[PDB]
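Colleague: My questions will all concern the structure given below.
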Amino acid sequence: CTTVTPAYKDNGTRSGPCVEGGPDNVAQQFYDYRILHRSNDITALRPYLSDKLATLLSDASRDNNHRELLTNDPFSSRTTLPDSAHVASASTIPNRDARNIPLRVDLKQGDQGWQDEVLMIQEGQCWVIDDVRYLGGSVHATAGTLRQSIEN
Amino acid sequence: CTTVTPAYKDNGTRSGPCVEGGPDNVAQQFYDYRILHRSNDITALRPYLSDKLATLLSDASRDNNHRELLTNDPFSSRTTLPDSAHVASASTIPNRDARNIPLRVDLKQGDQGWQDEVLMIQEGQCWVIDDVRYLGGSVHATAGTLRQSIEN
Amino acid sequence: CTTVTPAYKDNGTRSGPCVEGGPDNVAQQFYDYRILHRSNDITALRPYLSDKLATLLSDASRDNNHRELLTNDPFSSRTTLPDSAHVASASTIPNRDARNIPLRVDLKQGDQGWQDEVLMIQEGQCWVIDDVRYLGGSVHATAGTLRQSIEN
Amino acid sequence: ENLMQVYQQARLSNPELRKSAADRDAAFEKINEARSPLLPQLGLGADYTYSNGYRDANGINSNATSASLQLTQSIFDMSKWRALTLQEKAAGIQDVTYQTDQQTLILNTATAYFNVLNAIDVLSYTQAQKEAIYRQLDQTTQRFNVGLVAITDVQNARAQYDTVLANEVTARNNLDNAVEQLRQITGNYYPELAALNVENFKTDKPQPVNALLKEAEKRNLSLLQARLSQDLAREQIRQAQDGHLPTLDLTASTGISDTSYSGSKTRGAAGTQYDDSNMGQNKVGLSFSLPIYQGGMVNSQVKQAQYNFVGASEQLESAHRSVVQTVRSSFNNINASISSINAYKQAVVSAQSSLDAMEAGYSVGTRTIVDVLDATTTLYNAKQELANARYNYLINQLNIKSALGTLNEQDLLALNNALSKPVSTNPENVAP
Amino acid sequence: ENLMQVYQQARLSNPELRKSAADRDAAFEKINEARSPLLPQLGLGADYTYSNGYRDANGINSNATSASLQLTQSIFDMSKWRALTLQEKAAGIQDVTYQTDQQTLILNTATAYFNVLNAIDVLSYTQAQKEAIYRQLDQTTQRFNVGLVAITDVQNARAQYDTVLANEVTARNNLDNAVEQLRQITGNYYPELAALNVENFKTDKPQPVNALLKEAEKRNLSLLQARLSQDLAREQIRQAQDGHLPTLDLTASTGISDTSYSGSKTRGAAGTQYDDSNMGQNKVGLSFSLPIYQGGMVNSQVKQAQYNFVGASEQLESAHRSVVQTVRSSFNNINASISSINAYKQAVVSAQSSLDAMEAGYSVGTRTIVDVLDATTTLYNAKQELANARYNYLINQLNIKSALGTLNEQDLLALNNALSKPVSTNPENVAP
Amino acid sequence: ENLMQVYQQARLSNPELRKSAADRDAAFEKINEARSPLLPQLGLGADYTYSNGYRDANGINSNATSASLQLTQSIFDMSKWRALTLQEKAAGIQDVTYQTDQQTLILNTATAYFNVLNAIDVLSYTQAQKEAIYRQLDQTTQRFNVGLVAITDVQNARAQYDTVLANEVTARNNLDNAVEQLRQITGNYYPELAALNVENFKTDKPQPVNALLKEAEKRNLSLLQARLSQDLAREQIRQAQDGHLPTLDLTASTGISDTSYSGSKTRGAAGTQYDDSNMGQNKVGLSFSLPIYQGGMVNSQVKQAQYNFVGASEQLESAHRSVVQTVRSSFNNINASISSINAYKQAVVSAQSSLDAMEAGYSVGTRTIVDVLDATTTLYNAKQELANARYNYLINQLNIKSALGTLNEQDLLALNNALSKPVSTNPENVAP
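Each protein sequence line maps, in turn, to chains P3, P2, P1, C2, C1 and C3.
Under the deposited numbering, the first residue of the first sequence is numbered 19, with each subsequent residue one higher.
Under the deposited numbering, the first residue of the second sequence is numbered 19, with each subsequent residue one higher.
Under the deposited numbering, the first residue of the third sequence is numbered 19, with each subsequent residue one higher.
Under the deposited numbering, the first residue of the fourth sequence is numbered 23, with each subsequent residue one higher.
Under the deposited numbering, the first residue of the fifth sequence is numbered 23, with each subsequent residue one higher.
Under the deposited numbering, the first residue of the sixth sequence is numbered 23, with each subsequent residue one higher.
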């Protein structure tokens, strides 16, 4: 009984499509799509990034300044595509009064680990990837997180 | 055992008479006297107000500026005398080291309620009314509580 | 199990000799040595003071300004040698991550008590008396604790 | 973006507000934990006990395997209901503090957004002063190169120019810090914001402090929180006794037990009490308890609750006094701001006239370059102070609206209706 | 009213001091709750159990109604005594912090009173400056109307007049804020307060910092609180083990039970074990318990208490160092104030002489109006600084007395002996 | 001594660092208490019960002496392991906050040490200004005694001298307060400290804000603490349920009981069940428990833990934003400091040239003494600001190094390599 009834009749305005939901679920699905395929290009990855990282990556690609960073790997701390990923668990999310969940994903390769971190944003009834904190040794290129790295 | 022995050998200087004691008791007695009788004039109400609200109301009456505020009702939030009152309970007061206790009284009329608030001041071995916080919709006149309402 | 492993590989630089250890132990030993003998001169008291109170007392003696204070009693709040002392207990001290511990000693005489206070400095594998806070009525001379009393 | 879009983005992605909301939801869900002990408590339990004999019980070995299913209910216990009511009141005060947090967020974002604009205005005014002093320096230097006056004027003007340059560096640093702080509180980097136009800036006198005090006392958030805390203390003293009220419980249980005996002495001729027993029993019962002399614990707890209630009442009185102080201070601050706006406008006009007069006198020759430089710095200081007074008046209006206890996005809309032109906050672009 | 009446009204009607006193009284009454478990614990309990049977116990139903009256006492348990001593120490530290709160209240009320007086003085000085500049304006304007000098002087003096007007507005706002703050800290609206006279204001050199430091170390409240906290940590570590000491309890119980049997199988020919039983037992017994191997819990608790005691001793040493810093700072600040009083008196006399000289030079024609206006500004600034230094010296004297640890109403009386003339704090009356 | 020795003495004898280290050690030792309940729990207990008959038990007396030795183990209970992991995470976050405390100590001691030097420089500059104004006073007074100019110059210069004297008193007090604060933070009285030489003071541009942000994000202490707190919240929600998992215990017990009967009715002809019984029994057994319907308590606890985990994640995000703000602010402040150093060097050179020009003009007669006094005070203000900017730049370099998260004694060594000459901080010695 005594339902929570959250006081947030907001947190919407989502444009593009996405997966069903669940933070660990969507992060794991996005990583699995990246490893299983070999493209990792933004056009195929559009559903998992909602409305701001997609446009930022688009204009960074059209900028012809960050070609190396945007062509080797923009989402992993290295220059090589990982071999396996394990997202930190989170036992679902109560109601909808929750946003900006940072999750650390153990990004494991053959006898190696980097343990990156990624922010996650709700945008309505869904969950989407954001930031990617670039938390690990031997940072790929530029510096900081992806959003600060490609920010003009 | 281990009596409290309060460190307050002060809080005296009482001039006029009053009722035995008990904050809820004196508030209930005051409201019952005002409801039962129809005069509500200050001269008959001297024991219940302490030493300052009495003289403040006396000089406001002699000022001939707040006649409209002072003639209908100064102590209720409305312009009409209430029909019943119910003061919030308080399980007596330990020793004497307690002053300025504000109590909220439910002022109930025919299918209506306003739930005003009144300050309680000790001045020695007794209890007396102060301020009256005017906590209710559609206040009588002027604004705020009575003390700022009649203050020059 | 789960040894604490304190994170301080420091707090050394000990010059003179000293007693085995234990704050209450060294305080009791110092007071017992002062009481049993009658000299109380700093030359024989060198082990119980560390490196700074010793040299401060030496240069105060060579200064010839605080002759009365240094000749009556430097460590007791009175001008007369006490009759018995009882140092506040302390159940040893875990590891070494602990320094500058103050203890209050009851300085009991015939139908009298002053209960002075003395600081303790570890500075190695040992414990040493410092400061002496002169916490008692009818202070001997100068003012405050001994260190700032003889400070220039 | 203007103030509305900045605030909307700040509210959509603020961490502290989200944390306060999560805390409120947790305190709201605590009601189920509080209500749990009143509901039936059902459990299961099985065990197996092996007993070996000793002393006079030599040669006796027993093996007992048991299972049980129990159910318990509290028929009459006022302590649980009082705990539930306490949890309800705690949830209420948490809701109130969440509302206060929301108001604080609105006030903070508005303050930061206007601080950025104030820094931009300060930097622009300082740069204009530097340009004017540079023009004066160039004129004096060219006059000396032709040759009309000694070297003192050049030295004084260039010293003033250096001081103004240092002030400009400081102002640029302050602007950069302010814009970064706005990004931090909002979560986005804004290249340009709506500025404040002077044509449509019209002031309005506030309501009399009487009605202000009435509405503030009726609808303030801090006062409501204090009242709820005092009511919580009253329910705490009501609950604190819980010792003079007898408790009543109802229990039910279904149990099975299988006991077997073995040993050297168990093989005797008795054959009656040393055989396997298979007992299946279901019990229904009631339990009645009543403390009578608790050693004075309940009386001491009650008196402690009385003292706590007195303390809560004192805290509520202090909160009311602080609310009155806040309302009066906000009203006086608005009145000071509206007076100072006109005062600084007149001061700026008079200072410009004075600078023109000093320039004319220097042209005649009755003054000196230090005097005209002082007039210029006074004029620019007056303009800077006028701009700061405007930006402080807006914030003061928002502050009094918040202290009244009825601040929402409509007030932000009223403020935002006065912003028309956009200006960029890039340090390099404004001063190339 | 003067300072004594203000302080008395503040003490008699302050909510924060009342809250601190209520908290102290509650912590004092905690002693009875701590002492309750050592006293006899008496209780009553009755129950009724219905039992149905199956399996090998088929056809057996029992009804058992029982009542009992129990009494328990703790013959030997050092943990309770240690808890009582801990509660005693907590009550002591609460009394100490209540005394500190009293000192803080007296310091705050004195500070607010003298802040109001300083605001009045600043406003009056600014008004006098405005009057002087207005007189200069009128003289220069009439001279130009007759016609002797150019228009530059009028413009410059008008700019100065406008700036002074803005300063006057802000000073009036500050005074109103200060008087409202005093009303908030006291609870009454004071129309007039005793001012400060300059004839009877005589300064006294403070005691040497040595005896000051001695008395402060002996009698400071914060240091005493730290010492009590360290003693509390010592008693906590003494209580920490409580696991190597065996416990001893004494119990008594008067109980009645009535058991009745019924069922299909209970109507057999036995007639011995299946009849109604009425048992009555009054039992007196002793219980002895002794932990031997607690799994290392007691040792870990003792070591944690040792670390906590070390931390408490470190906190006490930090408190002593802060006390020494406070005493030294107070002494140095008092000496600075007493020197600055004389410095500013000499400065204001020199500034008045300089203003007279500049006026004479302007009459001759050597100087200009900007110079005499600057001299006027300097003179009035010096007067304001002197008044502020006086009030700061008085507040500083109270501050050092408080840091000594022996501050009471006698120091308030000593301060109040210097206030003679009453002045009204109404903005309208002081600004006709 | 220089900065290295001051820091070493501060680290060796600081009370607050000792307290933080003791708290961390206590949190580390809490692991043993958390691990205790998993280990075997062994105990002993003996009792003596006397029973007197009543009702149908009239004439029945019993005396029972019992002893028992018990041992309990928890075969399977995930709650204990989860509590152990929670204690582990708490110890980790305590270690992190201890490291942050170390960083804070280093920053604080450096700030105080440089504040002392800044105060010394300010006092020396003010004293030099006083000497220059005194020289001007003496020259003007002697010229008037011979007789060349009116008294206006004497009056104005005397007023300036008095104001400068007041400022000197204030600066001396500030220096004394600063040196006492340094002694408080260190624990020793330092007569002289290493000063700052201007020959070897060479500035260096910082690393680009990108790599700064990268390293700060990877290795900040506050962000690491936030991550550890979020992990702790995750383990808390993992532990939260602990209700759906059945528990299993193993018990053993060696017991002896001696029962003796006596009474008027106990002397009957039965002689079978009314004799002394000496029973010894050693028992081993297993207990299995499983909650099935807890009334919704476990579900509510799990949901509350989910809300708490959401709140912890949001607090982590807020900490990350604060880290970004700190890094950006530190970089901008460093750049402002390095720019302002050059700006103030140019300004002071310009002011010296301007003062020389004004003195030459006064010698010619075009200027007045107020102008040269203004030039002098502008020069000394510029010098004071330059020194303050230098010290602020050094402190800001340490600040950005600390915010990066890799501050240690090597940075203090780098700072100390720039300190060469020793200067005494005695107020009387510097200004006899």
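From the three backbone atoms N, C-alpha and C, an ideal C-beta is built for every residue, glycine too.
(1) So, using beta-carbon positions, are residue 118 (chain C2) and residue 254 (chain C2) closer together than 8 Å?
(2) I need the DSSP call for residue 283 (chain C3), collapsed to helix, strand or coil.
(3) Flag this pair as yes or no: are the beta carbons of residue 216 (chain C1) and residue 442 (chain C1) separated by less than 8 Å?
(4) So within the region 177 to 204 of chain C2, which uninterrupted alpha helix (DSSP H) runs reach at least 4 residues, ignoring any that extend past its ends?
(5) Where DSSP assigns a beta bridge to residue 130 (chain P1), which residues make up the other side?
(6) Below 8 Å on the Cβ atoms is my guess for residue 29 (chain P1) versus residue 34 (chain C3); work out the distance and round it to an integer in Å.
(7) Near residue 311 (chain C2), what residues of its chain come up, given a Cβ to Cβ distance below 7 Å and the 5 sequence neighbours on each side ignored?
(8) Curious, which full-length alpha helix (DSSP H) runs of at least 4 residues does the region 411 to 438 of chain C2 contain?
(9) Starting from residue 143 (chain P1), trace the beta strand (DSSP E) both ways and give me its first and last residue.
(10) Could you say which of 91 (chain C3), 80 (chain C3), 87 (chain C3), 37 (chain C3) lies nearest to residue 307 (chain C1) if we only look at CA atoms?
(11) Given this structure, state the Cα-to-Cα distance separating residue 435 (chain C2) from residue 185 (chain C1), to the nearest angstrom.
(12) Could you tell me the alpha carbon to alpha carbon distance between residue 363 (chain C1) and residue 356 (chain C1), rounded to whole angstroms?
(13) Please determine, among 209 (chain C3), 360 (chain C3), 274 (chain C3), 354 (chain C3), the residue with the shortest C-alpha to C-alpha distance to residue 347 (chain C1).
(14) With a threshold of 7 Å on Cβ separation, who are the neighbours of residue 71 (chain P1) within its own chain once the five nearest residues in sequence on each side are excluded?
(15) Less than 8 Å between the beta carbons of residue 199 (chain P3) and residue 93 (chain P3), yes or no?
(16) Ignore the nearest five residues each way along the sequence and tell me which others in residue 352 (chain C1)'s own chain have a CB closer than 8 Å to its CB.
(17) To which residues of the same chain is residue 31 (chain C2) closer than 8 Å at the C-beta, ignoring the five residues directly before and after it?
(18) With DSSP collapsed to three states, give me the class of residue 23 (chain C2).
(19) Would residue 248 (chain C1) and residue 112 (chain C1) qualify as a contact pair, given that the criterion is a beta-carbon distance under 8 Å?
(20) Within the 8 Å Cβ cut-off, does residue 202 (chain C1) reach chain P2?
(21) Which two residues bound the contiguous beta strand (DSSP E) that contains residue 216 (chain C3)?
(22) Helix, strand or coil for residue 363 (chain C3), going by three-state DSSP, please let me know.
(23) Please look up how many angstroms separate the CB atoms of residue 318 (chain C2) and residue 330 (chain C1), rounded, as I've assumed it's under 8 Å.
(24) Could you spell out the range, first to last residue, of the beta strand (DSSP E) harbouring residue 315 (chain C2)?
(25) Just to confirm before moving on: does the CB-CB distance between residue 102 (chain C2) and residue 64 (chain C2) stay below 8 Å?
(26) Expressed to the nearest angstrom, what Euclidean distance is found between the alpha-carbon atoms of residue 453 (chain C3) and residue 244 (chain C2)?
(27) Work out the CA separation of residue 161 (chain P2) and residue 235 (chain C2) for me, nearest whole Å.
(28) Residue 29 (chain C2) CB to nearest chain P3 CB: under 8 Å?
(29) List, in chain order, every chain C1 residue whose beta-carbon is nearer than 8 Å to that of residue 343 (chain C2).
(30) What distance in whole Å lies between the Cβ atoms of residue 58 (chain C1) and residue 316 (chain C2), which are believed to be in contact at a cut-off of 8 Å?
(31) In whole angstroms, what separates the C-alpha of residue 91 (chain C2) from that of residue 321 (chain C3)?
(32) Taking only the alpha-carbon atoms, compute the straight-line gap between residue 260 (chain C1) and residue 109 (chain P1) and give it to the nearest angstrom.
(33) Am I right that residue 179 (chain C1) and residue 395 (chain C1) are in contact with their C-beta atoms under 8 Å? What's the rounded C-beta distance?
(34) In chain A, which residues lie with their C-beta within 7 Å of the C-beta of residue 160 (chain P2)?
(35) Rounded to whole angstroms, what is the Cα-Cα separation between residue 271 (chain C1) and residue 72 (chain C3)?
Modeller: The answer reads as follows:
(1) No, the pair does not count as a contact, with Cβ atoms beyond the cut-off.
(2) strand
(3) yes
(4) none
(5) 127 (chain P1)
(6) Yes, residue 29 (chain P1) and residue 34 (chain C3) are in contact; Cβ-Cβ is about 6 Å, under 8 Å.
(7) 268, 269
(8) 431 to 438
(9) Here residue 143 (chain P1) belongs to no beta strand (DSSP E), and DSSP marks it neither H nor E.
(10) Among 91 (chain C3), 80 (chain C3), 87 (chain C3), 37 (chain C3), the Cα nearest to that of residue 307 (chain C1) is on 87 (chain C3).
(11) One C-alpha to the other measures close to 34 Å.
(12) 11 Å
(13) 209 (chain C3)
(14) So the list reads 148, 165, once near-sequence residues are dropped.
(15) An answer regarding residue 199 (chain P3) cannot be provided, because it is not within the stretch 19 to 170 covered by chain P3.
(16) 418, 421, 422, 425
(17) 23, 208, 209, 210
(18) coil
(19) no
(20) no
(21) Residue 216 (chain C3) -> beta strand (DSSP E) spans 214 to 216.
(22) Assigned with DSSP and collapsed to three states, residue 363 (chain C3) falls in helix.
(23) Contact doesn't hold; Cβ gap of about 30 Å is too wide.
(24) 299 to 315
(25) no
(26) When rounded, the separation of the alpha-carbon atoms in residue 453 (chain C3) and residue 244 (chain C2) is 55 Å.
(27) 7 Å
(28) no
(29) 37, 206, 209
(30) 7 Å
(31) 22 Å
(32) So the alpha carbons of these two residues sit roughly 9 Å apart.
(33) 6 Å
(34) Among the chains of the structure shown, chain A does not appear; the protein chains present are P3, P2, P1, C2, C1 and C3.
(35) 14 Å
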